[PDB]
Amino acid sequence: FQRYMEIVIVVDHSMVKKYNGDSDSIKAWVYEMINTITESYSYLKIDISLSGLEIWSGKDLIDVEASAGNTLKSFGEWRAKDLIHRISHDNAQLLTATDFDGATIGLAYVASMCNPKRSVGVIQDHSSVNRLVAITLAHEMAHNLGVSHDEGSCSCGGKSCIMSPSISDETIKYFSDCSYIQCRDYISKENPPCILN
């Protein structure tokens, strides 16, 4: 029943300029987010393993655009062309300081676990509160595992949970019962082999 997800976080150049080139500050920031999401996912019987953390200090390896949609596609393609031959992992997420146009702070492919160019997501480092950004990271990763937004009576001991269609500080860092169901149902039906090991 237990599944294991090997992940790689990719920090872009705008992120590096935002933290004034401070590599250790950026690592502390990402590590705390992983610590948070590891707990959220453990309740879904999925163990999160940080396989690697890549920081684009020199320059971006893809064109990061204001368009969240073009950025996700570029990142997924670079993942399949480059990253996968360097580090074995199951899913990769891009952390960027870019303000995407429209009301977009994150974007991911749906139900795409293990796919070379599609098991990826994109998230904007949108807040100074670490918990809120970590929640968005977990939210996009969940979209890769086939889960949809919470609605109606879905709950996590309160209604605003990770899969809420809007982020606020009233959002609890845990998944709702609906999220658990959809996620385990996807695992059941699609049984992505890369998260078995």
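From 1 onward, residues are counted along the sequence shown.
Once the C-alpha B-factors are averaged per stretch, 47-55 and 151-159 rank with 151-159 first. Set 5-13 against 170-178 and average the Cα temperature factors; 170-178 ends up higher. Across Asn35, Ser42, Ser67, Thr136, the greatest Cα temperature factor reported in the deposited entry is at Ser67.
In this PDB entry, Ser119 carries a Cα temperature factor that places it within the lowest third of its chain's modelled residues. Sort the modelled residues of the chain by CA B factor and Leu61 lands in the highest third. Per the PDB record, residue ranking by Cα B-factor puts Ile105 in the middle third of the chain. The PDB entry assigns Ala92 a C-alpha temperature factor belonging to the lowest third of its chain's modelled residues.
Compared with the other modelled residues of the chain, the Cα B-factor recorded for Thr71 ranks in the middle third.
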